Each structure stands twice: as structure tokens, then as C-alpha cells.
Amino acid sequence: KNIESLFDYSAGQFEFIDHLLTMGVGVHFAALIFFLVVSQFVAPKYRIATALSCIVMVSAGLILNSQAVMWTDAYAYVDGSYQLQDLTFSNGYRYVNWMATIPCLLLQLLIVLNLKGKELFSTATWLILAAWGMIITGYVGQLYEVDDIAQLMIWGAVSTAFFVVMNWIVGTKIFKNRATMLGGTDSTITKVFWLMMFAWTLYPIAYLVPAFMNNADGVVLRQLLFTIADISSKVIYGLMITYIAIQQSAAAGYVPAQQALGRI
């Protein structure tokens, strides 16, 4: 049902996708160790925001690892090209994984925005429901990326509505609670918003690849877009969230945070 299954791949195409996914694994698990070691310099009220980045690194790292092994399982070099064998490859499992990873990305944002108690629970709940609506409708949509492009587009439109509303909740909370943020991170959090807008928008672009480039090079392009988007939305984003957590910790008087920033 996926466009990947339609084509044979050159040695170059096949190996490049393998390298993309493998590099993705390495970057996330390398970043994982970074978040782990810096977590001790984060104040208790923010420390979970850094822990969530560890959770995202392993979650994303495992899905990229799984995709890479699926890639090599599904294809074999036969008569001059990589051809589909008995096992299958699908991006569908990425969608399933977003059901967990996207709430984690949103939660760590709410934490450094200094949301607490009732407002935190209610905001998280609405955000997660919006994200799940986006993901599920998008998942349904890509089931038709070969059979029914018109249906892919309509489900994509519904998904985009959830996307836009989710982003509106995010923007509203960010620009409202920006003033509560310490150590100059009121400025930094604005860049985080724009980073999210940019990085997350790459995913619906990848979703539409079967509509504007239905060929083997389109398959490569989609994996390339996922790679850019994954690294930007999880790793670079996580680094900014953790930076914001540490800076606010230091400004709140947390001594390990103050000492850590002093060494650099």
C-alpha cells in the first residue's frame, strides 16, 4: 500500500537510505547520553523536561533502528538492483510512534513554560488530543498513497486542521507565558516556537511526496525529509529545551545549574 513497495532501487539509492537511517540512530543515541549527563544540572521543577528528551531519543532511535533493519530485510540485490523480497517496508510504524513521541515533545515545552497543576493538565490534555487526531487521520491517509491519492489528500486536509489548531494552542501558550520565564529564556522560547513551525511542517511535505514525486527518487526524498525533520524536531529542539531548563534553574538559584554554566 506504500509507494516504497512499487520500485526497485539502485545500489546508490538503497545504500543512501540505509545510511540516512543508521546516521539517524547514531545521532539520537549520542544525544541521549548528553541529555542524561546534563540532567543533574537541572532543577527539580524542570528536570522532567530533560528526562523527556532522553525518552524521545530512545523512542525515535528505536524506530529509526527498526526502519533500517526492515529496509535491509525487505530488499536484496538481484539482477543489478535492490528488489523487494518476502518482508515488507513501511513508514506506517513512524505514525504509531508519533502517538508517544509527539506528546513527549509537547509536554517538555509546557514544563519549561512554567505551567503547573490544573493549567498544565488541561493544556496537555487538549494538546495531546489534537496531536492524536492529527496522527490518526494522517495514518489513515497514507494507507491510500498508492491506491487513492484523492483520499490521501482529504485525510491530509483533516489532519492539517488538527495540526493548525494544535500549533495555535502551542503559540498561544508560548507567547502568553513568555513573560514568566527567567534568565533571558523569554527570548529563547520564541525561537523554539519557530523551530517547531519549521521542523514539524516537513512531515506533511513528506506525506505529500507520493502526490508530486511518485518514483524511487521520491522515496529517497521522503527519507531525507524525515531525517532533517527528526533531527530538528527532536534533537535540536531538545537541546534548546534543556538549555532553557538549565538557564531558568540557574536563575532560580539552583546551584548545580549555576556551577555548570560557570564552567562554560
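Numbers follow the displayed sequence, beginning with 1. Rigid core: the largest C-alpha set superposing within 1.5 Å between the two forms.
Stretch comparison, 135-143 versus 83-91: after rigid core superposition, larger RMS CA deviation in 7 other deposited structures of this protein is found for 83-91. The PDB entry records a higher mean C-alpha B factor for 178-186 than for its counterpart among 137-145 and 178-186. Mean CA temperature factor is higher for 119-127 when stretches 119-127 and 158-166 are set side by side in the entry. Per the PDB entry, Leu152 shows the highest C-alpha temperature factor of the residues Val112, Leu152, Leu105, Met99. Among all modelled residues in its chain, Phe34 ranks in the lowest third by Cα B-factor.
Per-chain ranking of the deposited C-alpha B factor places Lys45 in the highest third. Residue-level temperature factors show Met213 in the middle third of its chain, judged at the C-alpha atom. Sorting the modelled residues of the chain by their CA temperature factor places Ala252 in the highest third. Split the chain's modelled residues into thirds by C-alpha temperature factor. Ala11 is in the highest one.
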